[PDB]
Amino acid sequence: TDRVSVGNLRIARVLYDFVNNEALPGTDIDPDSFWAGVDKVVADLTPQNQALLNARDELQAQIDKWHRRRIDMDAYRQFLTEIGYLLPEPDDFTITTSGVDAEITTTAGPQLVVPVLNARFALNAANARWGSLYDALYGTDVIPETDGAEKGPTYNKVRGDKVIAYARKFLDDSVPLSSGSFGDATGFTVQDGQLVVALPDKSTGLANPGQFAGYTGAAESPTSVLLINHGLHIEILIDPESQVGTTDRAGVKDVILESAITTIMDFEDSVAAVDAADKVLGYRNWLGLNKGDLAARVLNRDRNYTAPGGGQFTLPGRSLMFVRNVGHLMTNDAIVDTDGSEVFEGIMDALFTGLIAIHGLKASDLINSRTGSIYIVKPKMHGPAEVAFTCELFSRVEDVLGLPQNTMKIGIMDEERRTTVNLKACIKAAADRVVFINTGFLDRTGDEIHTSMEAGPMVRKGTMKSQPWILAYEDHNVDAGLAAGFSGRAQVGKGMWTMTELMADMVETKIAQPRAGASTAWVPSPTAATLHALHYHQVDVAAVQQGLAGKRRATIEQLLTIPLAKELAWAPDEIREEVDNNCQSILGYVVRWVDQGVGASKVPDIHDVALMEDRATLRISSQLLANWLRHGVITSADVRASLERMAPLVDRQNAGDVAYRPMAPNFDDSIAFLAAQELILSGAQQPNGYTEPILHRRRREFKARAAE
Ligand SMILES: Cc1ccc(F)c(C(=O)CC(=O)C(=O)O)c1Cl
Ligand SMILES: [Mg+2]
Ligand SMILES: [Mg+2]
Ligand SMILES: [Mg+2]
C-alpha cells in the first residue's frame, strides 16, 4: 500500500506528504512530535467518540419503541427525562470565552458559507468582506425587470437609474443628512474633519457627524467617502468620468458595502470528500487561505483610508474565516489502524484544520485572527456530552500543536433535537470556548423527521418551515444565547437562504432574522451577502438583543411539538407534487455528488426555483419520503415512478457538462441513480437519518469503477 506507519496508524501517503511538506513548515512543530500526537489523540479519544455514537443509537431505539405503542405531552416529556434524553437545565451562567475578534463579539452582519474544495468560490468568499451594491442591485431581481428596465447585453441606463435611486434611498435611511436627501447631492468635501455634502441651494453635514469614518484622495475633492452605521462600513466611490459616474448628479460611481463580515470555509455539508486525495485538496485550499497565497484569482489587500481628523489607517480587505469541521459520525480511510479500521474524520479534521489555521495567526508574505483564536464550527452534535467531547478533543489537539489552551474556539450548530432541548447545558459545556450558536434549521428538520419517524406521517417539506416546533426552536436559541451573555461576546446566528436567484424575496424576507435578534445569518454568495447587509443597516441588532434580554418565549412543550400531519391533510395531486418535488431535488443533488464529487449545487425544484442544495436539504427530502413510505402515504411504486420521471429532467438540466453521465434510460446502471434510490428506501435505517454513509459508499464505488 501507499501508506505511512506511525504507531498504530497507517496514513495515506498523499496526506502524510501534504502535512510534512506544506502544513508543518512555518509552525515550528516537529513533524515527529506532530505525528506521534495524532497517534496518541486518536488512540485516546476514539473509544469515547464511539461510545457517543452508541448512545445516540440507544436513545433512538427507545424512542422508536415508545411510538410503536400505540399524543400525551406530559407522558412523552417524562419518558424523555427517564431515558436521559431531556436533561435538567443547569443554573444560569455567563460565558467566559476570551480573545475573540471584533467581527464576532461586536459586529452584526452576514455570514457567508462556502465549499473549501472549490478554490475559486473560497477566494470570492474571503474577498466578499466588501461588495458592490450597484452590481448586486443591477444584476439581481431586487430591481424588477419591468418594461424598460430589463437587463440586456449592454448597460440599461433606465435600470441603472433605478439602481442609483435605490442606493440614494438606502443612504438617506442609514446615514441621514441634517437637511435634504443624498438624492440631491452635487458633491462631497471634507472640511475641518467633517463631511460636507453639497446640495443645489445649500450645503449640509450629517445628522450624526460620527457616522463619517474617513475618505480617500484629497479632502477638497475625495475619490471616496467612508461612512459607518451599526458598526458596518459604507463607501461611496466618486468618479465623474466613469460609465455610471457620468450619469450621476454627484459623480458617484458606486456604493460599496461591508458585506461578508465572517466566512465559513466548509469541509462538511457543502463538499464531497471521501478519501485522502479529496481531503488534501480541501486542506490545501484552507492552507492557501491561512497563508494568504491561495490563487486560482488572489486574496485582496487591506483597504487604505484617511481618518476624518487626518491620520492614515487600514481596514481588513478579507472576511474573518471560520472553518467547519465534519461532526462526530463519519470515518475516512485517509487513515486506518493496524486492523484496517478507518479513523474518525472529526478527530482528523481538528488536528489538520487546527494545524493549518496556525498560519492564519501569523503574517503572510494579512492575519486572520488578530486576537489569537482559531474558529471552528462543529456541526451535528447531539447534546452536552458531545459538546464536552469536542472541547476535550480541541484541548488535546492544542497540546499536540503547542498552542495555548482555548485557542481553538467553537461555533456550535444547534441543528439536532437533543441539542435544542438541552441547549443551555450545551453552551455551558463549552462556556470558555463558544463563539457562536447557530440554528442550522435544515439539519434540524431532518433530525425532527428521523427522531419521530415512528410517530406518524409528517407534514410536507414546505410546511415544516412554519411549524410550531421550528418557530419555538428559533426563539429558544436566541433566548439561550442572550441569557448566557452572548451580547458583546459571541454570535447568535440563524440559517441559510437557499433560493439563490430570488434576491427581491430575500431582501423583503430575511430581515426577519436580525429583527429576531440574530447578530448574523447565512448567505450562499457574495452577492447575497451584500444584499443581506442592507438588513443590518435597517435593524439595530444590539438594541434588539437588549430589548429581548430576560424573555422566555418558548416552552419545552412547544419545542417537543412533533410536526405530524392531521387526518386527511392532502389530495392525491398534493401528494404527487411533494413526491415529484423531493425526488427531483434528491436526484439533482446526488448525481453531481456521486459522479462528480460536487457537494453543493443549484438544483431547480418542481416550480423551477433554483435551490442551493447540500447534504442537509438532502437529509430532509430523503427522510420525508422515507417517512411517507414507512406510513403508507405513498407506495414503493410511487417512489420509483417519480425517480424515473424526474431523472431525464435532471439529465437535461446537466446536458452541457462534459463530465456528466445520463441516468436515463438505464437507471440501474447508474451508481448515482441507485444512490438516490437507496437514500430513500434505506433512509429510515440511516443513523439519525444521516446521508453521509450512503453518499460516501457510492461516491467511492463510482471512483473505483472509473478506474477500470
Ligand atoms: C451552502 C449551503 C447551502 C445549503 C445549506 F443548507 C447549507 C447548510 O449547511 C445548512 C445548514 O448547516 C443547516 O441548516 O443545517 C449550506 Cl452551507
Ligand atoms: Mg447543517
Ligand atoms: Mg440606527
Ligand atoms: Mg435506527
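Annotation: amide H of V113 within the under-5 Å range of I264, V523, sequence separation 5 or more or interchain, hydrogens built in the peptide plane. With a ≥ b ≥ c the root eigenvalues of the C-alpha gyration tensor of segment 7-159, is it rounded (a/c under 1.5), prolate (a/b larger than b/c) or oblate? It is oblate, given that a/c is not under 1.5 and a/b is not larger than b/c. Computed over segment 454-591, the P(r) curve from all C-alpha pair distances, binned at 5 Å from the origin, holds 2, 9, 14, 16, 16, 16, 13, 8, 5, 1, 0 percent per bin.
How far apart, in nm, are the 7 Å Cα→Cβ label points at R13 and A36? Placing both labels 7 Å along Cα→Cβ, they lie 2.6 nm apart. Under 22 Å of direct C-alpha separation, and excluding same-chain neighbours fewer than eight residues apart, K202 reaches these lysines: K169. Model label points for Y660 and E82, set 7 angstrom from Cα along the Cα-to-Cβ axis, are 5.4 nm apart.
For a quick check: with amide H placed at 1.01 Å from N, whose amide H comes under 5 Å from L206's, ignoring anything fewer than 5 positions away on the same chain? Under 5 Å from the amide H of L206: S178, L195. The Cβ shell under 15 Å around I367 holds other residues with a net charge of +1, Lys and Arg each +1, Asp and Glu each -1. Other residues with beta-carbon under 9 Å from the beta-carbon of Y690 carry, at +1 per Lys or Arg and -1 per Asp or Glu, a net charge of +2.
Summary value for segment 145-278: 14 percent relative contact order, contacts being C-alpha pairs under 8 angstrom separated by 6+ residues.
Each residue of the chain gets 170 Å³ once the volume of the Cα convex hull is shared out per residue.
Neighbour counting of Cβ atoms within 10 Å sorts the residues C583, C391, fewest neighbours leading, into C391, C583.
Can you work out the FRET efficiency for the pair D337 and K151, with r the C-beta to C-beta distance and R0 = 60 Å, to the nearest 0.05? That pair, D337 with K151, gives E of 0.60. Quick check: net charge around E454, other residues with Cβ under 14 Å of its Cβ, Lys/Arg +1 and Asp/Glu -1? Charge balance near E454 sits at +3. Spelling out what I want: for every residue of segment 342-353, take phi, set θ = phi - 60°, compute 6.51 cos²θ - 1.76 cosθ + 1.60 (Karplus), and round to whole Hz; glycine and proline get x. Coupling constants for segment 342-353: 5, 8, 4, 6, x, 5, 4, 4, 4, 5, 7, 5 Hz. As a rough footprinting exposure proxy, the listed residues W130, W522 were ranked by other beta carbons within 10 Å of their own, and the order from fewest upward is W130, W522. Backbone amide hydrogens, once placed in the peptide plane, bring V274 within less than 5 Å of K279, excluding anything fewer than 5 places away on its chain. With neighbour counts taken as other beta-carbon atoms within 10 Å, the residues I71, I412 rank, fewest first, as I71, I412. Averaging the Cα positions of each part gives two centres, and for segment 593-644 and segment 314-351 these lie 27 Å apart. The phi-based Karplus calculation (6.51 cos²θ - 1.76 cosθ + 1.60; θ = phi - 60°) puts the 3J(HN,Hα) values of segment 135-144 at 4, 5, 6, 5, x, 10, 7, 4, 8, x Hz, whole numbers, x for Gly and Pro. For segment 566-708, the relative contact order comes to 29 percent (Cα pairs under 8 Å, sequence separation of at least 6). Taking the three principal axes of the alpha carbon atoms in segment 566-708, the coordinate ranges are 52, 32, 27 Å, sorted in descending order. Could you please state, rounded to a whole Å, how far the C-alpha centre of segment 44-61 is from the C-alpha centre of segment 534-550? Each part reduced to its Cα centre gives a spacing of 40 Å. Whole-Hz Karplus values for segment 416-421 come out as 9, 3, 6, 7, 3, 6 Hz, taken residue by residue from phi with 6.51 cos²θ - 1.76 cosθ + 1.60 and θ = phi - 60°; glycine and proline positions read x. A helix-only calculation puts the chain at -13000 deg cm²/dmol for mean residue ellipticity at 222 nm, using -39500 (n - 2.57) for each DSSP H run of at least four residues, averaged over all residues. Taking every DSSP beta bridge that has both ends in the chain, the antiparallel portion is near 65%.
Here the Cβ is made from the backbone with ideal geometry for all residues, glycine too, and neighbour counts use every protein chain on show. Quick note: the coordinates plus some simple rules give every number you see, no bench work behind them.
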